[PDB]
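Here the protein sequences come in this chain order: A, B, C, D and E.
Residue numbering for the first sequence follows the working numbering, starting at 45 and increasing by one per position.
Residue numbering for the second sequence follows the working numbering, starting at 490 and increasing by one per position.
Residue numbering for the third sequence follows the working numbering, starting at 554 and increasing by one per position.
Residue numbering for the fourth sequence follows the working numbering, starting at 12 and increasing by one per position.
Residue numbering for the fifth sequence follows the working numbering, starting at 20 and increasing by one per position.
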Amino acid sequence: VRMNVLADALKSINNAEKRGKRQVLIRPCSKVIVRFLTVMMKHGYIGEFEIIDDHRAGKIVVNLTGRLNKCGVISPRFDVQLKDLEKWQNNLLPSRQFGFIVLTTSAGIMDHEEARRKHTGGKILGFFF
Amino acid sequence: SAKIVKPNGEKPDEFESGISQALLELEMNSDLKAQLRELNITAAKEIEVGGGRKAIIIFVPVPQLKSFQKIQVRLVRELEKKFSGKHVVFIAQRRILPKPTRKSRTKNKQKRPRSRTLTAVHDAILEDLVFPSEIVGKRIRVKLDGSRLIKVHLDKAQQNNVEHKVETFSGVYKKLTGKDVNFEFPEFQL
Amino acid sequence: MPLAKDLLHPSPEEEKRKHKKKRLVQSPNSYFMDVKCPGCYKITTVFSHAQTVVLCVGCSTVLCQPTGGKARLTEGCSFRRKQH
Amino acid sequence: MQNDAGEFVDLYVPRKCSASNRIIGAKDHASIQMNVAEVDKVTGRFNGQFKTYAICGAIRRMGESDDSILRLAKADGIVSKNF
Amino acid sequence: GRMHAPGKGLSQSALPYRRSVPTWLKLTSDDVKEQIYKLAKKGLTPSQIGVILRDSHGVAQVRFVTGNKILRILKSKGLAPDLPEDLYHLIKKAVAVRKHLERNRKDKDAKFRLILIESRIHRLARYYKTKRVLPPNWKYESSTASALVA
RNA sequence: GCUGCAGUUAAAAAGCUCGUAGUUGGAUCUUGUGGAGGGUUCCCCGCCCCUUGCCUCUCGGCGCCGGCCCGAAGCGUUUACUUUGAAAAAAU
């Protein structure tokens, strides 16, 4: 059965990007998916997006610009502390110059570079580059 | 009695006593005497709209509103005839209760009903404004700056009852909730 | 499907072709209709996929028969859909 | 690529596909550059002015270049947003 | 997919987006409740009341005319049964197969299908016992089963 | 082989189905204007509806010409998580 909705959303975008398609449809929608998409959009990796109401959790249509190399999920939501975050970005990123880990923290869902300014740890959700 | 609007200390205002006088005097002619019965209006306000003109909002208590809507098609037509070129809307006197989890006092002895949530109140206020017509569907657009716009679809029958008021609906819903809305008609509907 | 068709605006002939649960927003194919018969003429309402053997207020032996799809009328004067 | 003095340090900057926004490599021999003539608006005649596009080899071999060149020619004025 | 078969078919209802009552419907909330109370005296289960109302009257969804689901309408008047109606139907099917096997002990398919019925009774009873619909001491028994449905 | 392996043919998926413990489990319930540090909107004050969510005492200092105000306390449904204090032999 469907054990996790965020893993479907990112796998669906990742297969559409590799085929060269200009749009994709995500279903079911969730509060976690809308907040994750917003972090990719603010850094310039995807275009703007629209939500459809249907009285059953809803759907999203997203616009693609061709810049995204990958996006992905870490399935157990492991806890991270500021001293251990260096080991995770050494494992998951392609260079020290670009790409982002996404964390959930009591100050909100955010970019791993913002978590250092806000002096906060959290749980891992995923990444993009 | 007259001056039916608002709780104690707030009541004497000229505009709001004026609109509630204009409502309660209308039961005195024989046609609306059949169907008005001094039923409560809780408040009224006069507010600016995007064309530089004015519109009025009338606030109705929840167990009375199911009776107001049954006569609103004549009662608002009489008020929009009598006032100086204004547009009118009736809306419910809904209350919002605060979030129990770490944003309010909370205990086992009473539970917050989901009918008193902010989401269930703001999406009910949207249905009151459009009343002569019915909502066919909603969509929400997220912009590159992180802002939102709502797109509302209205039924294709009864266009003649709302097309001249979409410009007041956007300004009224903005001032009741803080959010941008556009009102539109569908290409086709199943 | 080409590389660039937009997903937010399907034409009504693209939407009417596909399954009721797989449309952009869901909608049934069934409907309500008003039905009338000879000998007694009190009009009545019926559902197009009925399971019941309907008897009219005019007390005739059968108004319609149930079936594996739409129900079939006994040569009644109306099959007219209600608009909403 | 730039350094902390602000000067550039790449050998060259490679081109990208007009249909798809992906880099065309030095050995992509299936790729193309298309060139198309403009005409004057009074007499429908060539004035020597033109427009250009570049297409990835991977989009050509799946059969999508004809529709991509058409969308590009409707986005520019050439096909005039009716068909 | 289905819980005890290899099949994965898709058939189900699909409700419209519009929850409102239509303007042509002549019925009203308390007259719909009286028709429900009359139909309940004939011994009709809630599932049968909703098809009689959909086929022969205007009401497509009773929950949209009257603000309540129709088992709540019966419970608030004391008309509801002492055993839930889907658990009742599974128990009636188990005793029908047990009356077959007493004279047909060679029917090894019927022996296999009885395991798949009674394990589906146990899964449903365990749910209703945690939500206080049934006593904690309630138990299905192969000797007692006939007395649960007569 | 947690990060990080493999099971059509090289070594390897129980003949097939049910099922208690174990592991895993769908959507949903409060936001934008104003000021400081910084920018050209967001992180601290105070607000559409609640800003410690309530409350009114009494043993106990404050502000002023008795009465009314502002720091404790009852405490915010219970935990994991995270950030910060305290307290932990030396040698290595």
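No residue lacks a Cβ here, since even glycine has one placed at the ideal position from N, Cα and C.
Enclosing beta strand (DSSP E) for residue i [first to last residue]
i	result
C/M586	585 to 588
A/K167	166 to 172
A/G152	152 to 155
B/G626	624 to 631
B/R637	637 to 643
B/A533	532 to 537
B/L615	Here B/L615 belongs to no beta strand (DSSP E); instead the alpha helix (DSSP H) covers 607 to 618.
Expected contact under 8 Å - CB spacing of residue i and residue j to nearest Å
i	j	result
E/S48	E/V84	6 Å
C/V599	C/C617	6 Å
A/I96	C/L577	7 Å
A/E94	C/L556	Their Cβ separation, rounded to whole angstroms, is 20 Å, which puts A/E94 and C/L556 out of contact at 8 Å.
E/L143	E/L106	6 Å
E/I140	E/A113	7 Å
E/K127	E/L120	In fact, because the Cβ distance is near 10 Å, the residues do not count as touching under 8 Å.
C/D559	C/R633	Going by Cβ atoms, the distance from C/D559 to C/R633 rounds to 37 Å, so no, they are not a contact pair.
B/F572	B/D617	Not confirmed; about 19 Å, so no contact.
C/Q579	E/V70	Contact flag wrong, Cβ pair sits at about 21 Å.
B/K522	B/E516	6 Å
B/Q678	B/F620	Their Cβ separation, rounded to whole angstroms, is 19 Å, which puts B/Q678 and B/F620 out of contact at 8 Å.
Three-way DSSP call (helix, strand, coil) for residue i in this model
i	result
D/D51	coil
C/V610	coil
D/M45	strand
B/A544	strand
D/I35	coil
B/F557	helix
E/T85	coil
E/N156	coil
E/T149	helix
E/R91	helix
A/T149	strand
E/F131	helix
C/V599	strand
A/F144	strand
C/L577	coil
residue 3 of chain D	This structure does not reach residue 3 of chain D, given that chain D is present from 12 up to 94, and the question cannot be answered.
D/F19	strand
E/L167	helix
C/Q618	strand
For residue i, the nearest candidate out of the options (CA to CA)
i	options	result
B/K632	A/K65, A/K103, A/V78	A/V78
D/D39	D/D87, D/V47, D/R26	D/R26
C/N582	C/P563, C/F632, C/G622, C/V615	C/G622
E/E53	E/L93, E/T42, E/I136	E/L93
D/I34	D/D15, D/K52, D/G68	D/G68
A/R100	E/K127, E/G20, E/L34	E/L34
B/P501	B/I546, B/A532, B/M517	B/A532
C/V606	C/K573, C/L626, C/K635	C/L626
A/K86	B/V655, B/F658, B/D634	B/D634
B/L665	B/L515, B/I536, B/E527, B/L521	B/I536
B/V655	B/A491, B/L554, B/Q678, B/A544	B/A544
B/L643	B/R628, B/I624, B/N650, B/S636	B/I624
D/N58	D/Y64, D/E49, D/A65	D/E49
A/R111	A/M84, A/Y89, A/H156	A/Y89
E/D101	E/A169, E/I136, E/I68, E/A24	E/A169
D/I70	D/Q60, D/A30, D/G17	D/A30
A/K114	A/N58, A/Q141, A/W132	A/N58
Unbroken alpha helix (DSSP H) run spanning residue i, endpoints
i	result
D/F61	Looking at the DSSP string, D/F61 is not in any alpha helix (DSSP H); the run it does join, the beta strand (DSSP E), is 57 to 66.
A/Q67	First-last for A/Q67: 67 to 70, but that is the beta strand (DSSP E), not the alpha helix (DSSP H).
B/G507	503 to 513
B/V670	Per DSSP, B/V670 belongs to no alpha helix (DSSP H); it is in the beta strand (DSSP E), 670 to 673.
D/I80	76 to 86
C/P565	565 to 568
B/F658	655 to 666
B/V494	Per DSSP, B/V494 belongs to no alpha helix (DSSP H) and is neither H nor E.
A/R160	158 to 161
- In the region 546 to 605 of chain B, which residue ranges form an unbroken beta strand (DSSP E) of at least 3 residues, counting only runs that do not cross its ends? 576 to 581
- Task: Quick one: which unbroken alpha helix (DSSP H) runs of 4-plus residues sit fully inside the region 71 to 140 of chain A? Chain order, please.
- Result: 75 to 87, 129 to 136
- If you scan the region 41 to 120 of chain E from start to end, which runs of the alpha helix (DSSP H) of 4 or more residues do you find wholly inside it? 48 to 60, 65 to 75, 81 to 84, 89 to 94, 104 to 120
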